[PDB]
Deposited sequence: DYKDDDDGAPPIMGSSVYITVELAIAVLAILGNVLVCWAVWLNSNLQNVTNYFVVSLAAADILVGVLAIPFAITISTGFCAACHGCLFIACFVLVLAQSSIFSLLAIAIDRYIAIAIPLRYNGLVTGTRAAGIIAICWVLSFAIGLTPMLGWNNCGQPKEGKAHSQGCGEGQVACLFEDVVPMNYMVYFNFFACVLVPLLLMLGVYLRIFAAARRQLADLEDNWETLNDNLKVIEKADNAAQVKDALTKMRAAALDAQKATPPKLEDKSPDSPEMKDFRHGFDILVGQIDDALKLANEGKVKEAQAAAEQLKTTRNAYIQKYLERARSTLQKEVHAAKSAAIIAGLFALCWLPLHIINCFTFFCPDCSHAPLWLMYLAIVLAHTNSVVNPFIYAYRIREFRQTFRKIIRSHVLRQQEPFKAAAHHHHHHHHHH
């Protein structure tokens, strides 16, 4: 039985190193959004709320974690607060991650009404509501779902605790059924599975919209060939009607002028076709190639470029949500083994604190993901660092 202070010193030192990195990195995130108006959108307001939660992990949750690892004597309800405040920050992170995913689905599924529906004022109201709900969820043990009514009196007496005090240990005061059923299953696992469903819908919507862009482009060029090798006016008419319906379908200033020319030129050739002038209709339809090269192809390439940037931005946000799951799941899974298998030996002490440190490391990783995957953040980070 090596002296407890030795293994404790390693744990505390690692925790302090994580606290400094979580504060520095996420302060840089908040500083960047404050300074750059190009980073000031609804999506990044939830990013800032997520960074504030990670800042508080280093300022409060990690000092709280170091304190409870000592098992110090404390009034049980004060011990409860130290033990549960990290659950508030974790729940806030979940709400921010879910809001980011929903925000990106709205942008890709209904971009015409995104700016009218998703505003900064409504976003700030959602952020406040989610923080209130995070305190209620994370501090639910302080409402009565705790073990303070059944204190470990032998442990308190051996540590010399005073009357009404307990040895402040996490699994002594926080019920494991709350941690597994309420916190993990209901409040962590279900929202993460919802985020998964949202991102699946995002990428499915992106793939469908890109295919529709390419299908209208192919339909335009195929029907042009049909008109060129038609032998009667009725065949030219058939191809032109399909081109006109697709042109209006692809339309839903230089963008508008290009489609205004295209639809008008289609109506010109259609009128010649209805008069039975095949050669004259085919020559009029040949003018469409000038409009296609000068206007339509540029919109196709820009619409494609915008969708691919939305896919890339959604992938970056999904990586953030996935890294949250990877960092928090081991600790939750260990609680499941403790709760569901009382015949299994408890996970060893070194593995408990490895899982605790790993969960805390999640508060360090998000600034690196933004810096490596988002150019606007990376450039703003460099300006802040260089100029300071």
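According to the record, the deposited residues with no C-alpha atom in the structure span 1-7, 260-275, 412-433.
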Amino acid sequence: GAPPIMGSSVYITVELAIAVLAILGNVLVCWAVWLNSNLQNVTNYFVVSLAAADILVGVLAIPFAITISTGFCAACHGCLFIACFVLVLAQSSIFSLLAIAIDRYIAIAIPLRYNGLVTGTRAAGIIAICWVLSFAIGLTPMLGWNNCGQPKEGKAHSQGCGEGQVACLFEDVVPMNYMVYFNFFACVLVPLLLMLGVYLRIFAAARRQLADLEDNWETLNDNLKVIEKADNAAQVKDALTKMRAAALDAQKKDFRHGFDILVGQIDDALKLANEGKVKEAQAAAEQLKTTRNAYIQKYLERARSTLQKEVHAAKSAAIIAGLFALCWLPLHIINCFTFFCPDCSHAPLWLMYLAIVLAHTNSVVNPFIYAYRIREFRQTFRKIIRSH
From here on, numbers count along this sequence of modelled residues.
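Compared with other deposited structures of the same protein, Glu228 does not meet the criterion of being unmodelled in at least one third, since all of those that resolve residues on both sides include it.
Note: missing coordinates for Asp254 occur in a third or more of the other compared entries bracketing this position. As listed in the deposited structure, the average C-alpha B-factor of 63-71 and of 336-344 is greater for 336-344. Per-stretch averaging of Cα B factors for 32-40 and 353-361 places 32-40 on top. Residue set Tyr295, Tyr178, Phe85, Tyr199: peak C-alpha B-factor at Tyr295 (per PDB entry). The maximum CA B-factor among the listed residues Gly138, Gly276, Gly125, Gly144, taken from the PDB record, is found at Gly276. The PDB entry assigns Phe203 a C-alpha temperature factor belonging to the middle third of its chain's modelled residues. When all modelled residues of the chain are sorted by CA temperature factor, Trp217 is found within the highest third. When the modelled residues of the chain are ordered by their C-alpha B factor, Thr13 lands in the lowest third. Among all modelled residues in its chain, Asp249 ranks in the highest third by Cα B-factor. Compared with the other modelled residues of the chain, the Cα B-factor recorded for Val263 ranks in the middle third.
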